[PDB]
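Engineer: Next input, structure requested:
(4 chains)
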Protein chains: 4
Amino acid sequence: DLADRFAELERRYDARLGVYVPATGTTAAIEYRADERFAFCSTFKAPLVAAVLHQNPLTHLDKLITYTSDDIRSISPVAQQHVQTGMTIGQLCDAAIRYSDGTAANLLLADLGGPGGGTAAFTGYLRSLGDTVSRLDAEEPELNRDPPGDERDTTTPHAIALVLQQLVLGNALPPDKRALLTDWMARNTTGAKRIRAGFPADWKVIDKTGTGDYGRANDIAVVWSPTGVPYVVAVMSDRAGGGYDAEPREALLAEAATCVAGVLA
Amino acid sequence: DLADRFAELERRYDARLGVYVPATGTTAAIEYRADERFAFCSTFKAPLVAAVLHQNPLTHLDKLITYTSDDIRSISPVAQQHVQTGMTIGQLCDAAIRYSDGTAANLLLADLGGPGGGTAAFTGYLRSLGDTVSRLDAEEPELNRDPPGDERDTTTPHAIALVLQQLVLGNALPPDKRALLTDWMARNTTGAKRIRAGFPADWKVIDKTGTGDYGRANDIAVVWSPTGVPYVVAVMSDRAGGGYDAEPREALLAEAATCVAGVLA
Amino acid sequence: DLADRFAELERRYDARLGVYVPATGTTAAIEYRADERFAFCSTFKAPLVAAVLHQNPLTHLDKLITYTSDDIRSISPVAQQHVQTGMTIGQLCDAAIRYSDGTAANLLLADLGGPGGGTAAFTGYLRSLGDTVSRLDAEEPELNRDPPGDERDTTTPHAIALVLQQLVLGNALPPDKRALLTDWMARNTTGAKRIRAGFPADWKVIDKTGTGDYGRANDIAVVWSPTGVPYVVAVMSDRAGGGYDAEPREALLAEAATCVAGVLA
Amino acid sequence: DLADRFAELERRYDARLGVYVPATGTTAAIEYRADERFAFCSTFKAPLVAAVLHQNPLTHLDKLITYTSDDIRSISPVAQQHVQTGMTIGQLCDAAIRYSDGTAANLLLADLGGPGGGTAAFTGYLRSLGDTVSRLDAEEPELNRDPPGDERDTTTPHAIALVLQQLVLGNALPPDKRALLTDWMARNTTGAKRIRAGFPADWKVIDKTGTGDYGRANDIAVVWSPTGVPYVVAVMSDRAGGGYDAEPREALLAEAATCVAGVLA
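Structural biologist: Numbers count the residues shown, from 1 in each chain, chains lettered A, B, ... in the order given. The structure is reproduced below:
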């Protein structure tokens, strides 16, 4: 049916594809490799910001954080410019969502505290939303390069989608903090050629991307139909076997997102 | 199986929907009420320009055509402003396609000459392209308001798609004239809410719309995937049971375009 | 000096130019040939609708009017399509504003009643707004063809701008009927190459055009700056030297509007 | 007299405005703070692409360039997505112009080679085009945040306009390379709210923006009137007194551009 096409896309792009769209009152749940583990990559930065939002008051966003050149370890377009100034938690939230800033992610993890620099605290926060599957075990950038089959730093489309649904559409955050998360995801700058490129333009798309080694490309998104009905779309992919250096295939995520749009129309 | 969703859309918009997409080297043809007659409405203006282009050398586009206020019998956004100046044949071609100018269509028909002010010449031109089904019997605006069931001024999605395929993708025109038709269709200003609105923005869409009474709304198009594969999409609809005054539902054609887009991806 | 450029534009297009923009709380009044008479042409159809609106309850808009083929005298893109069914007064209002339908204008004049088919009733209505200068003496299409120098069927930019100002921005109509006037002008289809083409796209433009012999091209408009400040812009022009058959020059009005936009910015 | 409005805009936006429009055969040169220094910001990325095109044959564009995560030290919407793949010289030129990619600019500077990572080679190239004032001293992102008064990384409206005039309209590049620069600037995606917003839509606008700290917002452009005459428009601004964190005001540049268009009309 529809699962036969995702296979075609798996063959045509030489990737393992995972897609999950939660069921609504009007549509059935789309599942393809939904409960298989894919690496989080940078998509955890969306549940990372809401966690800082969850246990901290709004004033905590004005707290300034100072850091050194040694702390810059992953792709960090914003953090590199403020080593002299330092950045506040709210600025780190912006940078981690809207630019996938690796260093802001590592700093926000440290703000959650705990063992492993915040990995235990973050995974613990996922648990509070019913997610018993995903886990975060490393920081940036090691969390992008775990070998295929390794369960560390992984989620599944099924799990990441239900988490994202409670954060954007559900009640996991009060509306005060919820509009900050959504607005950062809405003005994302890293995801133009993924889920957003597969949906018609009169559909509104907020997303958080993830990219890593072994051809890992992810995109988690909330979409709104032109009449205003919201859907959650989890799209993950890798190309293990093509090797650690496999090039990620963004076109696969865009093609699969047009596939989803055909079902929801 | 795509027919299950189209019929659901017929029920939701209170309309009869017709869709045909020709088969390509790799994908099968999409059909839904493909061989049922729908009223041409303004979609005939696309093969009409091709007919004028076919019968005349390119310098014929400079011939100046004058008309009077009595010639303005229908919505004519460009022809209404040049009654003192007149318009050249190429200017009538521009207006008949990019603004669906009614008077420009009537003049171009008269340029084909023959019985019925050019309707016979235009219908014959369809015959020369293998179209054994379509027929144009009146001019603007009478062709938009034939009662439901009347075969006059009707085509079928199957027939209009094959005609459009030879004009844009085939060789029914030489390359110089073919690029003129394509560019006029590419810069159409009337189809933003139909097939163009159902396809992702990285798909190129050239189209010609048609609208008339009894809630008649059509859109014929050639689309190009982001990888450059061309497909022809003929979408037609009326709501004849709703009466002469029934409103066309443009969103029906955009949604049908999104269902088709999911299959072609 | 803005008066030097208008004179420049006069030589470059071989035309007489008239511009009036009422003074606001923040800007000075723009004047160029403001108190010289130009032919109404179709610009009277905007205050004509307000006259029908003023004397009649909203239910008067539902009155059906029947007419014959002898009643169609001028460019009438809409009236030609409803000779069998007829059009309601409200449809004649829509048709007169958005398509400059000459025949609908003649019927709306007859709706105002009085001697000369409503011309006496119509100028009388202008007088009720302080306009002691303008006058309408004929119906369509003769009102377009008066010799240069004749005072019949003439207004001035100063007079038509202040009238239009009371109708769109002032209190000449109650808000309910006033929103009907403003909406019809806002979706006008005949003015894309006049004032609308000379203002940036983030400026909102509602207008009513006029065209006639002796190269007569007009546009009266209300514009809104990107911050929401409204201005009234009256632009009229003819080329009485080029003769009766002189071609109207729309680019002159578009260029003249860019000079105005430069001063209001 | 155009200097009075430019003044009122400086006061209205708490900003210093710089405007230069080179003189053509019929119109005089518009100057406002024409010879004062404003920070380049990203506007130098347009002559930088022209420098790379000038010193290399067209095949040099296919050379693949690799970079590390440590090379991303500024907003790089395209370079961030190809750290594993690498990018060709032509892809960096595309990214440096159409998305203002900071990393693509730094690599393109490195392609120019020489002392200072190419900054001295870039300044030397401007010198060869007659530019006696401009200077580029740092790369991204330090060049955006020089303190007010520091002459480093500055040009002038007068100087940047004449450089741009030679690159697009003059003969500094052969037609094959010149059409490459022109097409990149024509499809820029960062300048919709600056010079492009102040000009009517029937004016063709190609531009390259620049933004930085101290409220620095620039836009350099070539515009084409509807009849096809080209003008070069240099608009630069900062708000240095408001501090390092001062917000740039894009509307100042659109408003200044509408004043310029009123004069060029």
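Engineer: List the contacts of the closest residue to residue A:60 other than its chain neighbours.
Structural biologist: What sits nearest to residue A:60 in space, not counting adjacent residues and going by Cβ to Cβ, 6 or more residues apart in numbering or on different chains, is residue A:89, at 5.7 Å. No exception for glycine: its C-beta is placed from N, CA and C like everyone else's. Applying Cβ atoms under 8 Å, 6 or more residues apart in numbering or on different chains to residue A:89 gives the contacts A:52, A:56, A:60-63, A:65, A:108, A:111.
Engineer: for residue A:151, same thing?
Structural biologist: Per Cβ under 8 Å, 6+ apart, neighbours of residue A:151: A:37, A:135.
Engineer: nearest to chain B, of the contacts of residue A:89?
Structural biologist: Chain B has its nearest neighbour among the contacts of residue A:89 in residue A:108, at 33.1 Å by Cβ to the nearest Cβ.
Engineer: three-state assignment of the closest one?
Structural biologist: Following DSSP: H, G, I helix; E, B strand; the rest coil, we place residue A:108 in the helix state.
Engineer: what about the helices in chain A?
Structural biologist: A:3-13, A:45-55, A:89-98, A:102-112, A:119-127, A:157-168, A:175-186, A:195-198, A:250-264 (DSSP state H).
Engineer: Run the contact check for stretch A:23-34 versus chain B.
Structural biologist: No - judged by Cβ under 8 Å from any Cβ of the partner chain, stretch A:23-34 makes no contact with chain B; its nearest approach is 11.0 Å.
Engineer: tell me how far the ends of that stretch are from each other?
Structural biologist: Using Cα to Cα, to the nearest Å, the span of stretch A:23-34 from its first residue to its last is 13 Å.
Engineer: And for stretch A:191-201?
Structural biologist: End-to-end for stretch A:191-201, by Cα to Cα: 14 Å.
Engineer: How about stretch A:58-75?
Structural biologist: This stretch, stretch A:58-75, spans 27 Å end to end (Cα to Cα).
Engineer: contacting residues around it?
Structural biologist: A:52, A:79-80, A:83, A:86-90, A:92-93, A:100-103, A:105-107, A:111, A:139-141, A:144, A:176-177, D:69-70, D:72, D:80, D:83.
Engineer: Give the buried residues for that stretch.
Structural biologist: A:61, A:65, A:67, A:72-75 (16 or more other Cβ atoms under 10 Å in any protein chain shown).
Engineer: who in chain A is up against chain B?
Structural biologist: Close to chain B, as judged by Cβ under 8 Å from any Cβ, chain A has residues A:1, A:197-202, A:226, A:251, A:254-256, A:258-263, A:265.
Engineer: In the stretch 1-150 of chain A, what residue comes closest to chain C?
Structural biologist: When scored by Cβ to the nearest Cβ, the stretch 1-150 of chain A has residue A:98 as its residue closest to chain C, at 25.4 Å.
Engineer: how much space between that residue and chain D?
Structural biologist: 10 Å (Cβ to the nearest Cβ, to the nearest Å).
Engineer: Against residue A:61, how distant is the residue nearest to residue A:60?
Structural biologist: Separation of residue A:89 from residue A:61 (Cβ to Cβ, to the nearest Å) stands at 5 Å.
Engineer: Point me to the residue sitting farthest from the middle of chain A.
Structural biologist: residue A:84 (29.1 Å; Cα atoms, centre = their mean).
Engineer: do you know how far that residue is from residue D:141?
Structural biologist: Distance from residue A:84 to residue D:141, by Cβ to Cβ: 12 Å.
Engineer: How about residue A:198?
Structural biologist: From residue A:198 to residue D:141 the distance is 33 Å (Cβ to Cβ).
Engineer: okay, now the nearest residue in space to residue A:22 that is not next to it in sequence: neighbour count?
Structural biologist: Nearest non-adjacent residue to residue A:22, counting by Cβ to Cβ, 6+ apart: residue A:232, 5.0 Å away. Around residue A:232 there are 25 other residues, counting by other Cβ atoms under 10 Å in any protein chain shown.
Engineer: Specify the beta-bridge partners of residue A:232.
Structural biologist: residue A:222 (DSSP bridges).
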